[PDB]
């Protein structure tokens, strides 16, 4: 439906054409900031309390105080959906280190609320590469995506559409923008527990998997366990559950969505529908 006309900067609704920051902002000069991103459906941001809790935790880890309490931020978000006259959207929160006197020391953070159309996003799982790397402050949703973005050319050149980070080439973590899961041939679901972002999609999938009576192991994953797994999938806000058909030279099954991945995809849609019924 309606075109996005407005963002919010520091609690003011602004036309998108005037949504700017002065270049003294620490995100621009020092990549200092946190963010979060969630969808809205039926006029409701999904799992909103979980996202806002993460946003507040992220901010506290950078010693950045959000200038509004959580109920006031929720109001600003809802007000922005209404201003843009949309029920279906992507929503980005950004908290920067602010306009710094010396190009380093935070003084006052800048708060952004941006809004987008829902992601527009055959049988085949996506094809990804392993990449040796460990995200900085990985439990914090920082704005730092240098390595993930710098890798886009390498991902493409190599014939893949995404990656999976492996800490020192040994310990499976996450992609730049997704959590990562395996399903073992006995249907055990396996996902990293440490040095990753605790995705909201990850949380909802794990809960749905356990509520369905699946075994879920949150544990260190050795790179060699890719060869014991039957299925692999990503989770994220914009992907939901997304089947991975190939990692490096390994096709998972015939590369089409595995049994448990398909089940979890439906259960995630169910978690979304259940959440919307509470709004």
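Basically, rigid core = biggest C-alpha set you can superpose within 1.5 Å across the two forms. Residue numbers count along the first chain shown, from 1.
Novice: C-alpha RMS from this form in 5 other deposited structures of this protein, rigid core superposed: larger for 201-209 or 157-165?
Specialist: Looking at 157-165 and 201-209 in 5 other deposited structures of this protein, the bigger mover is 157-165.
Novice: I'd like to know whether residue 170, which is modelled here, goes unmodelled in a third or more of the other compared entries that cover its flanking residues.
Specialist: no, residue 170 modelled in all other entries.
Novice: Are coordinates for residue 136 absent from at least a third of the other PDB entries that model its neighbours?
Specialist: yes, residue 136 frequently unmodelled elsewhere, at least a third of entries.
Novice: Please classify the coordinate gap between residue 168 and residue 169 in terms of deposited residues: none, 1 to 3, 4 to 9, or 10 or more.
Specialist: Unresolved stretch here: none.
Novice: Between 232-240 and 65-73, which has the higher average C-alpha B-factor in the PDB entry?
Specialist: 65-73 has the higher mean C-alpha B-factor.
Novice: So 249-257 or 23-31, which one's hotter by mean CA B-factor in the entry?
Specialist: That would be 249-257.
Novice: Checking the record values for 164, 114, 95, 160, which has the greatest CA B factor?
Specialist: Within the set 164, 114, 95, 160, 160 shows the top C-alpha B-factor.
Novice: I'd like to know which of 59, 46, 52, 223 has the highest C-alpha temperature factor in the PDB entry.
Specialist: Answer for 59, 46, 52, 223: 223, with the highest C-alpha B-factor.
Novice: Quick one: classify residue 178 as lowest, middle or highest third of the chain based on its Cα B-factor.
Specialist: Bottom third by C-alpha B-factor.
Novice: Tell me, lowest, middle or highest third: where does the Cα B factor of residue 40 rank within its chain?
Specialist: For residue 40, the deposited C-alpha B-factor lands in the middle third.
Novice: State the tercile, meaning the lowest, middle or highest third, of residue 195 with respect to the CA B-factors recorded for its chain.
Specialist: Highest third.
Novice: Which third, lowest, middle or highest, does the C-alpha temperature factor of residue 107 belong to within its own chain?
Specialist: Ranked within chain, residue 107 CA B lands in the highest tercile.
Novice: By the record's CA B-factor, is residue 172 among the lowest, middle or highest third of residues in the chain?
Specialist: According to the entry, residue 172 has a C-alpha B-factor in the chain's middle third.
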